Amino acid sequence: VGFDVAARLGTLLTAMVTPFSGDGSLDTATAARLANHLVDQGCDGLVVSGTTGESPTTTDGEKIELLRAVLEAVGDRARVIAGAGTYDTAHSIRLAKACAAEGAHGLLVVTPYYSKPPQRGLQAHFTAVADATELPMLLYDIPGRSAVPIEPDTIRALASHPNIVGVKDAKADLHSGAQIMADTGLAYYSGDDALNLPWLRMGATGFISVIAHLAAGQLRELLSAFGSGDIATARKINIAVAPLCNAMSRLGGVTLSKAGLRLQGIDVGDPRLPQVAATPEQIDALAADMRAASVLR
């Protein structure tokens, strides 16, 4: 009875990178190969064109092409959530309709960045995007990038929308999130790998993860031990993958994910400017972290 967010949206999702070819164009063959690899390693959902998928530097056309290719590769067996939010409500609406019509399983909608709308602007924005399609929708709260939080009262007001079902949380408000989950029934996903385990303690449904690019099997094991009550094993795994969160703070998710995947034998090309490929020295520093975390020989 009731809408089961864990089953309908997933528990381990990667915010998948968008592969580009040598010339910079979208590489759907590799997007498909990567999607199969991440699901095979233990992800039960994927987010396409989130932040780590370089949503700022791809077109709507590329976003929809990518989504098509990923639904084709894994959509039968994993949930495919489409990133659709920007700082432009009219545009987010259009993009959310296009992803829905393409067959997406849910939407991930970021707080409008840069322009710093007031909370009632955010409420109006998220509501409008939620009214656009039948897709289950996740708010994406990340004041570190967007410059404004989704305030607790805004989240509460938004919980009454029939389509808004959860939050990807990168605000590290663990105490408030636990109370919001308790009061509203919203599903929280960790949107910061360094807080995967603390979020689980608070009631989080799962992870929308960057480091699952490299360590999806270990994060699967982590979720699986945590969910059974073997917190001790979950904590052990979390400690073991810490060098990846260290490399994350050095490089940021886009640089890290594309360079680590290449180190792991899955070349997904380089990022589009202003994002940058890791330098040779950063690649060597990255490799040492991946070895330490047991995701590279």
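Numbers for residues come from their place in the sequence shown, where the first is 1.
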property: Stretch exceeding the other in mean C-alpha B-factor - 71-79, 92-100; result: 71-79
property: Mean Cα B-factor comparison, 159-167 or 173-181, giving the higher one as deposited; result: 173-181
property: Peak C-alpha temperature factor (PDB record), options 31, 254, 64, 263; result: 263
property: Lowest, middle or highest third - CA B-factor, residue 278; result: middle
property: Third assignment of residue 54 from its chain's C-alpha B-factors; result: lowest
property: Residue 133 - which third its CA temperature factor falls in, relative to the rest of the chain; result: middle
property: Residue 236 by Cα B-factor - lowest, middle or highest third of the modelled chain; result: highest
property: Modelled-residue ranking by C-alpha temperature factor, third containing residue 287; result: lowest
